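Visitor: Dropping in the first section of the assembly, placed as in the complex:
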Amino acid sequence: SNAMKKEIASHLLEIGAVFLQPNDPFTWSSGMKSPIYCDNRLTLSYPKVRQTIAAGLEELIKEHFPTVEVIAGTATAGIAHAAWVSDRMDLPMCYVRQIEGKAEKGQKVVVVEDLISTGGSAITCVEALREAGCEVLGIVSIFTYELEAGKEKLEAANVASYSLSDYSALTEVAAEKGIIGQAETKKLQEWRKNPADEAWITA
């Protein structure tokens, strides 16, 4: 499965959907400094890459949530991916902003997200599905930053989450290719453990 995480991570680097600048930090909209930037909306503009991703998400759904009956996407980024997955699996689709498209009582649903950072969008979306009477099998996403605050929320909501690729696999990949060195690898590992703390900047 790590082969897949590494392949997908390579694809995100290749198209500019993920970047790594531990020595020249980004500043998210939150105001927080970060060594990573991820814009998975770019995957939409690359036909071969988005089809690989959909194939990837279909595979995760079959191994972890085989009984799925309906696919739900998160407005707005993940709607397109939910569409491609639903099509490859020949399943009904719906989306959450309320809940558009049929999502009837007791149906087994899988949520498709493009990114998990804090987990707020995923949880919000899962809540609505449960509130409408759906059994949410879990979530699949393209990528996750593996932040501890994200894991904690997913646990509090009792939601299983799997991602095509993640921060550690991207990190290992970037180092294999020489995009980053040993020093930059340590700044990256420490940012993940304490993202609120600006120590990592000079680790």
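Guide: Now that the structure is in, tell me what you want to look at. Residues are numbered from 1 along each chain as shown, chains lettered A, B, ... in the order given.

Visitor: Enumerate every residue touching the nearest residue to residue A:56 once chain neighbours are set aside.
Guide: Spatial nearest neighbour of residue A:56, chain neighbours left out: residue A:164 (4.6 Å); criterion: C-beta to C-beta, 6 or more residues apart in numbering. In short, each C-beta sits where N, CA and C put it, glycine included. Residues near residue A:164 by C-beta atoms under 8 Å, 6 or more residues apart in numbering: A:4, A:5, A:8, A:53, A:56, A:57, A:60, A:140, A:141, A:142, A:143.

Visitor: Could you look up the SS state of residue A:164?
Guide: Here residue A:164 is strand, with the state taken from DSSP: H, G, I helix; E, B strand; the rest coil.

Visitor: Drop anything exposed from the contacts of residue A:164.
Guide: Those of the contacts of residue A:164 that meet the buried threshold are A:5, A:8, A:53, A:56, A:57, A:60, A:140, A:141, A:142, A:143, by 16 or more other C-beta atoms under 10 Å.

Visitor: From the rest of the structure, what touches the helix or strand where residue A:175 lies?
Guide: Using DSSP states H and E, residue A:175 sits within helix A:167-177. With C-beta under 8 Å, 6+ apart as the test, helix A:167-177 has contacts from A:2, A:5-6, A:8-10, A:12-13, A:18, A:20, A:36, A:143-146, A:180-182, A:185, A:188-189, A:192.

Visitor: In that helix, which residues are buried?
Guide: For helix A:167-177, the neighbour count (16+ other C-beta under 10 Å) marks A:167, A:168, A:169, A:170, A:171, A:173, A:174 as buried.

Visitor: put chain B onto that model:
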Amino acid sequence: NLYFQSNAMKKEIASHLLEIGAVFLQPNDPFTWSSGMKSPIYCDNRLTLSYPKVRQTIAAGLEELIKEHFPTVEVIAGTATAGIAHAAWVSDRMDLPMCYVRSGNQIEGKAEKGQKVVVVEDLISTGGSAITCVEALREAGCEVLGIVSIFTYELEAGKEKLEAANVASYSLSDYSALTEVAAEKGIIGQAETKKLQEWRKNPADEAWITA
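Guide: Alright, chain B goes in next:
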């Protein structure tokens, strides 16, 4: 011949929208939109997403309109949020890049200078969303070939804006075809036909209710 092909498709699609509850016609029991206005028609195309056979027929349909009217297309743009899924299906059948426009950045996904773009919408009522979305694309330096949508109410105020913006718009189905279909099924008759025609000409005016 072209004309029959085109209209057979408008009727098939209209029949599918009625069957799944994506459109309703009640000239003798009017709806009230969120805007406060009374209407003989209600349309929620988001329901198409829950019907795999119907949505594929729609995507095939939109691909066909794009090939006849805008063959040189290079990128597909969907309107947040309803039309993003349809844009996704169309982009895939055509193996083309995709982007979307909101109303984060306004234009998400690559939409580079000089690229020929086609916007995909699910519904055209007043034309405001479409025009907004088209303006952004032109402002970013894209050539907007035109727009394709699943359905349109054929309102005169809508046509006028699309002309002022010099945007060609084609729809998979429309009010008139739905109207002719609804009659074929007995959902309405010839008496209600006049209420429906007048609503289309002057939707703001509640004369149609008792036409």
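
Visitor: The following helix or strand past the helix holding residue A:175 - contacts with which helices or strands?
Guide: Once helix A:167-177 ends, the next helix or strand along the chain (criterion: DSSP H and E) is helix A:182-193. On a contact count with 3 or more C-beta pairs under 8 Å, 6 or more residues apart in numbering or on different chains; DSSP states H and E, helix A:182-193 meets helix A:167-177.

Visitor: let's go with 10 Å and repeat that
Guide: Packing partners of helix A:182-193 (3 or more C-beta pairs under 10 Å, 6 or more residues apart in numbering or on different chains; DSSP states H and E): strand A:36-38, helix A:167-177.

Visitor: so where do the strands sit in chain A?
Guide: Here chain A has its strands, by DSSP state E, at A:18-20, A:26-27, A:33-34, A:36-38, A:70-74, A:93-96, A:99-100, A:108-116, A:135-144, A:161-166.

Visitor: and the third one, is it in reach of chain B?
Guide: It stands for strand A:33-34. No - Strand A:33-34 stays clear of chain B (C-beta under 10 Å from any C-beta of the partner chain), getting no nearer than 15.8 Å.

Visitor: residues in contact with that strand?
Guide: A:21-22, A:25-28, A:117, A:145, A:191, A:195-196, A:198, A:200-201 (C-beta atoms under 10 Å, 6 or more residues apart in numbering or on different chains).

Visitor: So which of those residues sit within helices?
Guide: Assigned to helices by DSSP state H, the following of the contacts of strand A:33-34 qualify: residue A:191.

Visitor: Sweet, I'm off.
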